[PDB]
Amino acid sequence: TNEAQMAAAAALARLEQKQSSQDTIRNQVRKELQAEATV
Amino acid sequence: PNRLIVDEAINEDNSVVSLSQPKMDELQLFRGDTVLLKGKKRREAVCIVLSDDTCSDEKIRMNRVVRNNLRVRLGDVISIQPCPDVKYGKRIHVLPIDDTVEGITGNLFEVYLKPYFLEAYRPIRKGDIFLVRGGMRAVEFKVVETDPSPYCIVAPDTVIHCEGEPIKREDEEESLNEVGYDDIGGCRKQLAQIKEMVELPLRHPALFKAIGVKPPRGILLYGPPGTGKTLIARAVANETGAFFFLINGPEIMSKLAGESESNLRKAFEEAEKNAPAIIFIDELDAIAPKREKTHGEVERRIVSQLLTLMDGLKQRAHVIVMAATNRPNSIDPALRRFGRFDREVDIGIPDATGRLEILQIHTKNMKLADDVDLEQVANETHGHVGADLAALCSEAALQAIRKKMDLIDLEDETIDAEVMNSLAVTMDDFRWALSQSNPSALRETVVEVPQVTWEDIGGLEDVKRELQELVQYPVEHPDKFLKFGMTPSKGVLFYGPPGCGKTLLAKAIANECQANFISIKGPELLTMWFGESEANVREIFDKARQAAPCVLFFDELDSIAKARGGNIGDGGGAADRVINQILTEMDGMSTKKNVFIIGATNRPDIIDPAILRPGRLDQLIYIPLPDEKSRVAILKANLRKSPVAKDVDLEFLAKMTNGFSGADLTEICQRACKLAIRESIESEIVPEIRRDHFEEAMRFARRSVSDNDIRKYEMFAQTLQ
Amino acid sequence: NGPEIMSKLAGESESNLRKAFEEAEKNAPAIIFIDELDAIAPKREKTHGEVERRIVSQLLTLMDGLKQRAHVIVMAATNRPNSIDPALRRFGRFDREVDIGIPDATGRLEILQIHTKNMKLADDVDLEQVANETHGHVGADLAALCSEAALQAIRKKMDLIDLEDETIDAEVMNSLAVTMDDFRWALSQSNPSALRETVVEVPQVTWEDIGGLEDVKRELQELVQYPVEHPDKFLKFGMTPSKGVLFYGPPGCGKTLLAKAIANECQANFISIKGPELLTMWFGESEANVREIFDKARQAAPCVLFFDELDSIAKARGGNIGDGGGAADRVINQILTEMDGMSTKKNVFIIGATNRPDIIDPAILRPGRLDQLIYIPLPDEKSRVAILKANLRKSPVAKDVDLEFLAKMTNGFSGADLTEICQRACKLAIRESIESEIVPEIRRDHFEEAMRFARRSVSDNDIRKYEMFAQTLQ
Ligand SMILES: Nc1ncnc2c1ncn2[C@@H]1O[C@H](COP(=O)(O)OP(=O)(O)O)[C@@H](O)[C@H]1O
Ligand SMILES: Nc1ncnc2c1ncn2[C@@H]1O[C@H](COP(=O)(O)OP(=O)(O)O)[C@@H](O)[C@H]1O
Ligand SMILES: Nc1ncnc2c1ncn2[C@@H]1O[C@H](COP(=O)(O)OP(=O)(O)O)[C@@H](O)[C@H]1O
């Protein structure tokens with residue numbers, strides 16, 4: 001039913017958050033940006 | 001009917017269970033539907049079912065929280081049924097467990113239950129136990145009362161109550177903070193091997209006593225201190241339910257003559273009375289070291305007493321004795337004879353992947369800041385064992401605590417949950433602790449699982465195929481090798497200029513073949529030569545055998561020849577202490593162990609020709625500098641995930657870098673990226689790596705292999721025909 | 001057993017040992033088996049404790065008391081005859097010895113058949129194939145192998161039928177067959193306990209495996225068979241049999257196969273000592289191990305003891321440059337001593353091989369040592385044909401393959417070089433066969449393609465070196 005469908009959306013969202021290229025590339029650039037900012 | 005075997009889960013969410021797709025269609029439920037699970041003692045649990053591509057068709061993957069609620073253990077069988085009529089609840093009353101909330105005070109709802117339940121749409125049944133982590137504690141709660149029955153889903157408008165005293169834990173209900181399989185990070189291959197050996201006779205004792213097949217009676221674990229040898233022994237006993245009895249050397253050795261022998265014997269008698277049972281003997285080398293290393297009468301007698309007690313296991317049915325030592329040859333060899341401790345598992349040291357898993361486990365309760373990077377730490381913590389990474393996390397936690405406690409000045413007997421819940425540990429706290437930590441295994445041999453794939457290696461398309469023929473075909477198509485009377489080669493040597501991927505080729509083939517990778521470096525062979533400790537060569541090949549299937553990569557084969565003068569040499573021949581032991585081990589190694597020996601050198605002209613005879617490294621592969629199409633492929637591989645601008649002409653760059661090796665092309669790719677990033681931060685005092693950034697990198701990069709070296713390598717390869 | 005006696009306190013271990021002998025006499029005829037003897041009476045040099053010295057004396061007196069304890073025989077088990085107090089092996093007591101050793105491929109098959117008598121095996125199970133793969137295993141390991149293979153088959157079915165009760169249904173076990181995949185898995189998990197032990201067995205190499213060298217084959221029979229097949233003729237003519245022969249010549253010409261083939265036909269045990277082992281003794285100053293090698297040769301007699309790479313040490317010392325010393329060294333001196341003390345009545349024949357006879361200590365060539373010398377040249381045309389056909393004896397060679405043509409072309413190739421051609425052509429046939437599934441025989445194209453990579457390993461510069469030496473010996 002619809003109450004289970006809302007539980008389905010929550011279970012799938014947590015699975016995707018646990019599984020998670022874009023954040024690895026952005027984080028690697030962020031680290032290099034801070035080093036170039038202070039050097 | 002709908003009866004499936006309980007297995008381990010990957011998803012850490014307590015409300016989620018995974019079933020394989022074929023069961024999603026046979027049970028006629030949609031992804032995310034709510035189902036009930038039937039356990040033991042007329043108990044059940046409600047959860048949400050998701051699908052994945054890793055669950056076995058006939059198994060259900062669930063974590064410890066769900067298994068405890070069902071009072072089931074791994075390997076048992078439960079029934080699953082849909083319940084699509086579950087509705088929302090309006091009132092849920094949750095109280096903490098007395099054995100988990102202690103020494104802490106504050107508003108438990110705001111810290112734990114609110115973020116857990118708020119808009120969480122979790123299925124909840126009366127009597128469920130669940131765990132909420134945070135504030136450097138692991139606090140479990142029980143659900144005591146709900147308006148709907150016997151289960152419901154929590155809604156955004158559900159009122160959560162928490163009024164009353166903590167709940168006294170039931171004697172049949174195990175705490176969720178007890179050691180289990182989900183507390184072990186690396187060394188998962190060893191844990192799986194052990195489970196297969198012990199879980200069958202422990203869970204199904206009626207099977208073995210009714211058949212002609214005898215179980216294992218003893219397992220010897222070994223590796224450096226702090227690698228989880230005891231952690232595994234406890235996890236196995238706690239997950240199977242076997243009675244766990246702990247023994248340790250110092251406890252037995254500190255006793256007087258007539259007391260140490262009786263106490264050791266009693267431990268065996270107690271295990272039998274409580275069978276099925278596991279006896280874990282830690283620091284075994286302290287009870288029964290090699291007899292040649294002891295002179296006292298008491299020490300020799302206690303060795304004989306242990307040997308007789310181990311032999312008594314023919315009568316003590318369903319008792320398994322596990323022991324932990326540092327080295328398999330530090331103890332009385334009698335213990336390792338047929339029977340007694342005739343099984344061996346090498347725990348060793350976790351690699352970079354295992355170290356990351358350990359850091360994630362020991363930070364589950366810690367609030368980490370966005371700047372904390374545990375993968376970066378795992379790559380830097382070479383030579384560390386799990387006990388070192390656990391100490392690293394603890395030290396970082398204490399540094400973060402001191403910084404806040406000296407400012408808030410709240411001194412009482414209990415700690416405020418809100419104060420700890422809002423305390424985050426930053427990269428400065430892990431970096432400080434990392435500089436203070438000192439690895440316990442700085443120079444130990446580490447067996448790694450390779451992460452290099454063929455997509456990471458540019459060019460050399462014909463070598464990739466050749467290596468598959470040498471490494472995969474002998475075991476993928478054994479009927480053809482038997483038909484044609486072919487004897488597979490035992491290894492291959494790479495030669496050619498440096499920085500062309502010789503090491504990557506060995507790792508990539510090991511990866512595709514699902515084999516372990518062992519790396520031996522020149523300085524280690526020099527250490528064995530100079531220190532007259534060439535016996536350590538056997539340990540290298542012994543790990544290769546036990547770690548099979550594996551690829552054993554010997555780098556810098558010429559390290560000793562150069563130390564002996566290289567081009568001038570001395571009064572002796574090519575043979576030396578270390579190469580002789582290596583050649584001996586190679587000759588004594590069979591192809592049936594699935595151990596492939598790979599060597600590499602940058603000076604093939606000075607390698608003892610003996611190692612190239614049939615039966616050794618008879619196959620020779622030349623790895624030249626990359627050609628025009630390979631250099632482009634190398635640039636693309638290094639930039640596979642980089643934000644390369646459309647104006648970058650990778651073919652033009654490859655045409656200029658005619659004398660560059662793959663190692664030099666990588667520096668260009670990395671420098672061009674850093675240059676683009678430098679421009680980015682400067683604009684605030686850019687989204688892509690522009691042609692100017694690659695052209696600028698070209699002015700700093702240099703070729704590592706000169707024309708004189710290219711001719712030397714080409715002439716050598718030509719001489720070999 | 002050792003641990004049972006040693007775990008007891010002073011005054012209890014001696015009493016219990018005495019009681020065992022008294023009970024055996026009361027129940028005579030009787031056999032007393034003492035396992036782990038080295039744990040009760042180790043070589044005295046290894047123990048100084050008052051209790052350990054006394055229990056040795058108690059065992060010695062009880063063994064001597066067997067003159068009165070009629071019909072009582074005492075058997076003991078040890079790992080090495082030299083690990084125990086030498087007094088035990090004096091006239092009387094334990095004056096007989098039996099060398100159990102390690103089962104060979106035939107014995108391993110018999111063990112596997114015994115420990116599977118109760119097991120239902122699938123049609124794909126081939127225990128002879130397993131026996132050939134289980135190198136270095138002893139009966140204890142083959143028993144564990146059968147257990148692991150049986151348990152794997154059980155696990156696979158039990159997790160499917162889900163029958164949990166106090167007893168097991170006979171029909172469930174009776175219909176459970178153990179497949180070859182379960183044995184192969186168990187082989188990957190099993191780890192031989194005797195892998196590093198010396199291997200002493202009758203070789204499977206026969207004369208049909210060696211191409212050419214027809215006259216050398218006959219010469220070895222005269223040197224090795226006749227002294228024991230026709231001893232009355234040697235006595236009649238006053239002939240003293242040779243104790244051994246040294247082979248010299250280019251590498252890869254079959255010197256090792258010659259030693260194995262004669263051992264096979266004579267049904268004698270073959271013992272192989274390799275260069276790295278001679279170098280290990282030289283580098284580690286452990287030449288005493290040579291005496292154990294020659295003593296094992298006597299224990300395994302009739303046997304052929306083959307010393308390969310006899311020049312390995314001379315080369316390690318510089319070979320062509322050398323050092324300030326002479327040809328004698330630690331390891332060869334022990335070999336010379338053991339040979340001089342060995343009688344021809346033990347039926348132990350010594351064969352050596354070297355690729356550099358010009359640097360062999362001349363002492364080994366004197367009468368009483370390796371006084372015979374046989375030159376093994378590179379094969380001629382008719383021998384190269386025999387070598388190719390011998391190496392391909394078991395391969396599915398197509399009828400279009402002209403092996404005589406190849407022999408006519410590969411004039412500078414050694415026997416080992418002809419094998420590389422045979423194996424390379426086989427690999428090419430395997431590649432073609434595998435590709436056809438993504439062939440039944442090795443085609444001419446596979447041999448001709450192999451010739452693109454095959455090269456001679458022995459150059460004319462080294463052939464002259466051997467010819468000049470062979471001419472020097474006339
Ligand atoms: N592989 C691992 N995964 C998780 N934690 C580990 C691992 N190896 C070691 N540890 C941690 O390090 C410590 C090991 O201590 P213990 O098991 O008592 O080792 P020992 O047997 O050397 O005394 C524990 O705190 C354990 O949690
Ligand atoms: N064929 C190649 N494709 C992609 N990268 C390469 C290649 N050859 C070398 N490299 C780069 O050079 C670096 C060193 O490679 P490695 O195989 O470790 O060299 P070596 O074998 O000489 O130690 C790698 O990090 C890789 O990025
Ligand atoms: N006369 C020969 N007949 C058949 N095969 C030979 C002959 N000579 C050499 N070979 C091949 O060469 C390989 C090496 O022979 P081997 O006797 O081991 O050489 P070495 O005595 O120099 O070690 C053998 O596997 C064999 O197949």
# chains A, B, ... in the order shown; residues from 1 in each chain; ligands from 1
$ residues_around --residues "residue B:383" --least-positions-apart "3" --cutoff "7 Å" --atoms "only C-alpha atoms" --output "PyMOL selection string"
chain B and resi 439-443
$ residues_near_ligand --ligand "ligand 2" --cutoff "10 Å" --atoms "only C-alpha atoms and all ligand atoms" --output "PyMOL selection string"
chain B and resi 454-461+494-507+555-556+600-602+623-626+630-638+661-667+669-670
$ select_by_dssp --residues "stretch 59-248 of chain C" --states "alpha helix (DSSP H)" --output "MDAnalysis selection string"
chainID C and resid 59:64 105:114 127:133 139:161 170:174 180:189 214:224 226:229 231:236
$ select_by_dssp --residues "stretch 281-506 of chain B" --states "strand (DSSP E)" --output "PyMOL selection string"
chain B and resi 281-282+319-325+343-346+415-416+491-495
$ residues_around --residues "residue A:15" --least-positions-apart "3" --cutoff "12 Å" --atoms "only C-alpha atoms" --output "ChimeraX atom specification"
/A:8-12,18-20 /B:10-18,32,48-52
$ interface_residues --of "chain C" --to "chain B" --cutoff "6 Å" --atoms "only C-alpha atoms" --output "list in words"
residues 3, 7, 147, 166, 276, 315, 316, 317, 318, 395, 426 and 430 of chain C
$ residues_near_ligand --ligand "ligand 3" --cutoff "6 Å" --atoms "only C-alpha atoms and all ligand atoms" --output "list in words"
residues 209, 210, 211, 212, 251, 252, 253, 254, 255, 256, 257, 387, 390, 391, 415, 416 and 419 of chain C
$ residues_around --residues "residue B:240" --least-positions-apart "4" --cutoff "9 Å" --atoms "only C-alpha atoms" --output "ChimeraX atom specification"
/B:73-74,199,202-203,235-236
$ write_last_selection --atoms "C-alpha atoms" --output "mmCIF file, in the first residue's frame"
data_model
loop_
_atom_site.group_PDB
_atom_site.id
_atom_site.type_symbol
_atom_site.label_atom_id
_atom_site.label_comp_id
_atom_site.auth_asym_id
_atom_site.auth_seq_id
_atom_site.Cartn_x
_atom_site.Cartn_y
_atom_site.Cartn_z
ATOM 1 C CA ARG B 73 21.697 -17.261 13.546
ATOM 2 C CA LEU B 74 23.587 -17.380 10.264
ATOM 3 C CA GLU B 199 30.432 -23.714 11.427
ATOM 4 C CA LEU B 202 29.303 -26.546 15.526
ATOM 5 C CA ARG B 203 25.861 -25.910 14.031
ATOM 6 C CA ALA B 235 33.279 -13.484 16.490
ATOM 7 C CA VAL B 236 33.015 -17.130 15.419
#
$ decode --residues "stretch 510-599 of chain B" --atoms "C-alpha atoms" --output "tab-separated table (two decimals), in the first residue's frame"
chain	number	residue	atom	x	y	z
B	510	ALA	CA	46.53	-10.91	-10.93
B	511	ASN	CA	43.41	-8.76	-10.62
B	512	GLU	CA	41.48	-10.28	-13.53
B	513	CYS	CA	42.44	-13.77	-12.37
B	514	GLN	CA	41.16	-12.97	-8.85
B	515	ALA	CA	44.60	-13.76	-7.45
B	516	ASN	CA	46.52	-12.21	-4.59
B	517	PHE	CA	49.55	-10.05	-5.31
B	518	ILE	CA	52.84	-10.21	-3.40
B	519	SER	CA	55.55	-7.63	-4.04
B	520	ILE	CA	59.20	-8.23	-3.12
B	521	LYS	CA	61.61	-5.34	-3.58
B	522	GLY	CA	65.34	-5.14	-4.15
B	523	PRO	CA	66.29	-3.81	-0.71
B	524	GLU	CA	64.72	-6.92	0.85
B	525	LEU	CA	66.94	-9.24	-1.20
B	526	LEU	CA	69.95	-7.12	-0.29
B	527	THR	CA	69.03	-7.31	3.40
B	528	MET	CA	68.89	-11.10	3.22
B	529	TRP	CA	72.24	-11.28	1.41
B	530	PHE	CA	74.18	-8.91	3.67
B	531	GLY	CA	72.69	-10.22	6.90
B	532	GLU	CA	73.21	-13.89	5.95
B	533	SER	CA	69.48	-14.51	6.47
B	534	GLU	CA	68.63	-16.04	3.09
B	535	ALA	CA	66.41	-18.51	4.97
B	536	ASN	CA	63.76	-15.77	4.79
B	537	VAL	CA	63.34	-16.59	1.09
B	538	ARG	CA	61.37	-19.66	2.15
B	539	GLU	CA	58.91	-17.47	4.05
B	540	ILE	CA	58.23	-15.50	0.87
B	541	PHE	CA	57.44	-18.58	-1.19
B	542	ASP	CA	55.58	-20.16	1.71
B	543	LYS	CA	53.19	-17.22	1.84
B	544	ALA	CA	52.79	-17.48	-1.94
B	545	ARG	CA	51.71	-21.10	-1.53
B	546	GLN	CA	49.27	-20.44	1.31
B	547	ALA	CA	47.92	-17.30	-0.39
B	548	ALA	CA	47.34	-19.14	-3.67
B	549	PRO	CA	46.06	-18.36	-6.18
B	550	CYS	CA	48.57	-15.51	-6.23
B	551	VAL	CA	51.20	-13.75	-8.34
B	552	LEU	CA	54.62	-13.38	-6.71
B	553	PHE	CA	56.40	-10.36	-8.20
B	554	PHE	CA	60.17	-10.14	-7.71
B	555	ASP	CA	61.32	-6.62	-8.51
B	556	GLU	CA	64.90	-5.42	-8.96
B	557	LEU	CA	66.29	-8.89	-9.60
B	558	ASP	CA	69.70	-7.26	-10.21
B	559	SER	CA	69.85	-5.43	-6.87
B	560	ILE	CA	72.50	-7.83	-5.56
B	561	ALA	CA	74.49	-7.95	-8.81
B	562	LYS	CA	74.82	-4.16	-8.63
B	563	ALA	CA	75.78	-4.30	-4.95
B	564	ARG	CA	78.52	-6.73	-6.04
B	565	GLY	CA	79.97	-4.21	-8.51
B	566	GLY	CA	77.50	-4.62	-11.35
B	567	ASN	CA	79.63	-4.10	-14.48
B	568	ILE	CA	82.97	-4.91	-12.76
B	569	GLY	CA	81.83	-7.55	-10.20
B	570	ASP	CA	84.16	-9.56	-7.95
B	571	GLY	CA	86.12	-12.80	-7.86
B	572	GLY	CA	83.04	-15.02	-7.62
B	573	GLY	CA	80.33	-16.16	-10.00
B	574	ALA	CA	76.71	-15.23	-10.54
B	575	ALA	CA	75.48	-17.43	-7.67
B	576	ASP	CA	74.95	-16.02	-4.19
B	577	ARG	CA	73.16	-16.93	-0.96
B	578	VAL	CA	69.83	-15.36	-1.88
B	579	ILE	CA	69.45	-16.27	-5.54
B	580	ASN	CA	70.30	-19.89	-4.70
B	581	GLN	CA	67.44	-20.07	-2.20
B	582	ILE	CA	65.08	-18.42	-4.70
B	583	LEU	CA	66.00	-20.90	-7.45
B	584	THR	CA	65.59	-23.81	-5.03
B	585	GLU	CA	62.08	-22.69	-4.04
B	586	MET	CA	61.12	-22.21	-7.70
B	587	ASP	CA	62.24	-25.72	-8.62
B	588	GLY	CA	60.27	-27.17	-5.69
B	589	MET	CA	57.07	-25.32	-6.57
B	590	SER	CA	54.43	-27.12	-8.64
B	591	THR	CA	52.13	-25.50	-11.19
B	592	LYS	CA	49.24	-27.13	-9.31
B	593	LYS	CA	49.52	-24.50	-6.56
B	594	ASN	CA	48.31	-21.77	-8.96
B	595	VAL	CA	51.30	-19.57	-8.05
B	596	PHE	CA	52.70	-17.59	-10.98
B	597	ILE	CA	56.20	-16.14	-10.58
B	598	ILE	CA	56.90	-12.82	-12.31
B	599	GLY	CA	60.22	-11.00	-12.30
